[PDB]
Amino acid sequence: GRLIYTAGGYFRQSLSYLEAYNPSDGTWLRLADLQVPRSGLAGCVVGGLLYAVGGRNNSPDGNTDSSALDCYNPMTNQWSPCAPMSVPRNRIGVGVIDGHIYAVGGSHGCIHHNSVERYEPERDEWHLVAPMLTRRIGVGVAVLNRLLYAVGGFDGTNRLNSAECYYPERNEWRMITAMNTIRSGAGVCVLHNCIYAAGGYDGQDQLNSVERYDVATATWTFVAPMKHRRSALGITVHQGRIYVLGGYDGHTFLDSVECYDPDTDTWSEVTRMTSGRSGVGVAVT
């Protein structure tokens, strides 16, 4: 029995919540709080351990971009600090290839990173890899065919509809087909050999449209939209279905959790988080 972990987020200030949803019995677990509150972070799982990467701590008295890597063990219910990244990355994208964590883009105050770095859990070390062709904050990352895809984001001047691809063996980035929609703060994931980009911000509105990349035909195609417009949403795949958690719709911080069935091309409300929040980090273990 695997669970959907939600870490951090934002509601009036950055949050410390770590909670797990069981899609089988519909229950939520309140787990050990993050040591430092964070929003705009990303979550991932390497060998049964959950990792919270980057983000920023917004508080009513000051804000602090994070370069932290923290590790939660479900067996112990304890967060342990890991080696920090070379630079702070708020609105980060994360991907795992061969049990290695790739920290993609993000911001550090005025800087919009195009730099990418890789964590080796076995050595507790980060090393920079080839940078992206474009600076991307609010970037969606997906691992497909042992390639690391950086999808959309914001380069400090424009919200991007562009997407690029990283070849770990070759240490290089190549531009792929751009999305039909400009999206910064989308939920990006892989389901049945397809990259799905759900929600986001086109620079005007928060989106509810969902589109998928088919590698064979190198084309992005729209699928059923979500019931709620959402940017800074959390996303994961669990038992052949996509789950989208919370987000921001232009005025409200959503508690809404939606599920996509690829077989029926329908979205349905599955549960509500214990409280509305945006900019969460999500993973399944």
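For every residue, the number given is its place in the sequence shown, counted from 1.
Across the two stretches, 254-262 and 65-73, the PDB entry reports the greater mean Cα temperature factor for 254-262. Here 202-210 and 145-153 are compared by their mean Cα B-factor, and 202-210 comes out higher.
Set against one another, the Cα B-factors of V129, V215, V188, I101 in the record reach their highest point at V215. Residues shown: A32, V223, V46, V36. Highest C-alpha temperature factor in the entry: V223.
In the deposited entry, the Cα temperature factor of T274 places it in the middle third of its chain's modelled residues.
The PDB entry assigns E117 a C-alpha temperature factor belonging to the lowest third of its chain's modelled residues. When the CA B factors of the chain's modelled residues are split into thirds, the value for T219 lands in the highest one.
For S24, the recorded CA temperature factor ranks within the highest third of the chain's modelled residues. The PDB entry assigns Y51 a C-alpha temperature factor belonging to the lowest third of its chain's modelled residues.
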